[PDB]
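The block underneath contains the structure these notes are about, expressed in structure tokens.
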Amino acid sequence: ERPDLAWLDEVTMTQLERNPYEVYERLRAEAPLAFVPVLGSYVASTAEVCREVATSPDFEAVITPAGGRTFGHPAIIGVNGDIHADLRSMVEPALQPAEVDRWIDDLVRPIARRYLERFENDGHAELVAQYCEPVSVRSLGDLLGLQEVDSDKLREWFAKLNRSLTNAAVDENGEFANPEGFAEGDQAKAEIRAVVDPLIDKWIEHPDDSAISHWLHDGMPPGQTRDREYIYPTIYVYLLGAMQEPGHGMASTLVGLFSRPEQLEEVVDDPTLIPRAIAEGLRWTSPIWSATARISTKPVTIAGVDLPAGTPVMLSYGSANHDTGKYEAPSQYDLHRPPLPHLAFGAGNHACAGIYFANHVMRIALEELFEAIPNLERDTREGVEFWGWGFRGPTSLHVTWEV
Ligand code: HEM
Ligand SMILES: COc1ccccc1O
């Protein structure tokens with residue numbers, strides 16, 4: 001236990017969920033790599049340390065304790081070596097930029113229009129539930145082969161998987177403080193299996209262009225498929241972050257633009273600025289804020305801490321994206337911030353595989369939104385509330401517009 005960080009003993013899980021930024025501002029200044037008692041783990045808070053751990057030859061992927069309870073094995077985020085290579089080879093084809101460009105417009109734009117058509121004449125909406133999350137999950141759901149799973153269900157699953165994977169609080173002995181907080185995740189996985197098992201049954205016999213059918217068949221000997229147990233954890237990885245994050249990215253971007261009304265106006269008038277707006281939104285409130293981790297594979301010194309082999313380090317990329325070593329006034333959304341590298345997609349061998357896809361999903365969603373509702377205003381009756389330490393995003397985004 002590090003004496004000058006005794007105050008970390010009093011940091012609570014709820015505090016980190018409500019707003020982790022004050023604690024992490026202290027961490028970035030005091031201890032870029034610091035053992036946080038309630039999390040039971042070292043956490044990397046600065047860009048330099050997060051990038052170093054994520055790319056180091058002396059680290060490899062590890063799933064967090066709560067992530068492991070949520071996804072099991074072999075979750076693509078938590079494995080290495082040959083299994084990771086296979087799972088990356090499995091997911092990467094549909095995510096290849098040239099492939100995404102072939103169909104992303106015809107995938108996402110009709111979906112965005114569909115959800116827009118339900119409310120664009122109302123003069124008010126709650127964009128997280130009515131637009132950002134449905135576009136995000138409907139787009140990926142259709143890509144995966146889950147066309148028949150309604151957006152409400154996909155959204156419920158990622159919400160439950162989120163809370164399960166981020167159920168990280170531990171007591172003084174390192175045991176989960178809230179062991180009952182995984183049951184809901186277990187329930188969501190049971191539901192998912194009930195839906196996806198017959199789809200897999202079908203895809204084994206009748207492959208199609210769905211991503212999950214390709215996960216079963218691609219690269220396999222004739223007549224063989226990857227075992228469903230082998231791919232289910234990566235399905236869960238998708239049904240959490242891949243479903244959740246584009247929607248949170250677009251919503252956080254809107255919140256940031258609303259916080260800079262002149263920049264909102266600039267982006268509406270010039271939608272070519274939407275990619276920049278999104279990249280700044282992801283830096284400003286990173287959707288994957290501290291969900292993943294790495295484990296040292298040999299003794300290594302990181303930020304002056306001599307870590308034994310086998311030491312987990314949580315990658316709080318959301319804090320790294322407020323590193324004042326890199327950014328001026330990082331808590332302020334600023335479209336006109338110089339484009340600098342950011343860590344919202346992680347780094348290294350286990351960096352986000354779906355960056356190009358995700359950026360286009362968010363781009364197209366905001367393009368259609370601003371075209372349909374160019375006079376969007378935030379419902380300033382209250383502030384926007386953001387929630388989450390592992391994954392972070394606005395819980396709601398009430399807007400209005402003159403009809
Ligand atoms: C704005 C949206 C998204 C953000 C901010 C995001 C961010 C991230 C981050 C931070 C990680 C962990 C990287 C690390 O630990 O170093 C990750 C992993 C991953 N993401 Fe993305 N993600 C997004 C959307 C998506 C989508 C839509 C997909 C799939 C279509 C996807 C697929 C993956 C995969 C497969 C991994 C695991 C990579 C590995 O462990 O090898 N992501 N993502
Ligand atoms: C792409 O989905 C994830 C990424 C990182 C951690 C958990 C996830 O479900």
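All of the numbers you see were taken from the coordinates with simple rules; none came from a lab. Virtual Cβ from ideal backbone geometry, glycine too; neighbours counted across all protein chains shown.
A few comments on the model shown:
- Kyte-Doolittle mean at least -1.0, axial Cα span of 18 Å or more - DSSP H helices of the chain: 97-117, 151-165, 183-205, 243-259, 355-372
- Taking label positions 7 Å along the Cα-Cβ direction at both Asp150 and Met220, the computed distance is 3.1 nm, reported to one decimal.
- Cα centroid separation - the range 263-290 against the range 33-93, whole Å: 27
- For the chain, share of DSSP beta bridges that run antiparallel, in % to the nearest 5: 90
- Gain in span if fully extended, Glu229 to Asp197, counting 0.36 nm per residue against the direct Cα distance: 10.5 nm
- Rel. contact order, % - alpha carbon contacts under 8 angstrom, at least six apart, the range 1-156: 10
- Inter-label distance, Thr12 to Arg118: 3.6 nm, where each label sits 7 Å from its Cα along the C-beta direction.
- Extended-chain gain in nm, criterion 0.36 nm per residue less alpha-carbon gap, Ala351 and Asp186: 56.7 nm
- Pairwise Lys count, the chain - Cα closer than 24 Å, eight or more residues apart or different chains: 4
- Exposed-loop-free span, longest in the chain, where trypsin sites (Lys or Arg not before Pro) count as exposed if DSSP calls them loop and at most 14 other C-beta atoms lie within 10 Å: 119-380
- Neighbours of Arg392 by Cβ distance under 12 Å: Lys/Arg scored +1, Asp/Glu scored -1, total -2.
- Taking label points 7 Å from Cα along the Cα-to-Cβ direction, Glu172 and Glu402 give a separation of 6.3 nm.
- Relative frequency of Cα-Cα separations exceeding 18 Å in the range 288-384, percent: 67
- Eigenvalues of the alpha-carbon gyration tensor of the chain, scaled by 5 and square-rooted, set the equivalent ellipsoid semi-axes at 31, 29, 19 angstrom, largest first.
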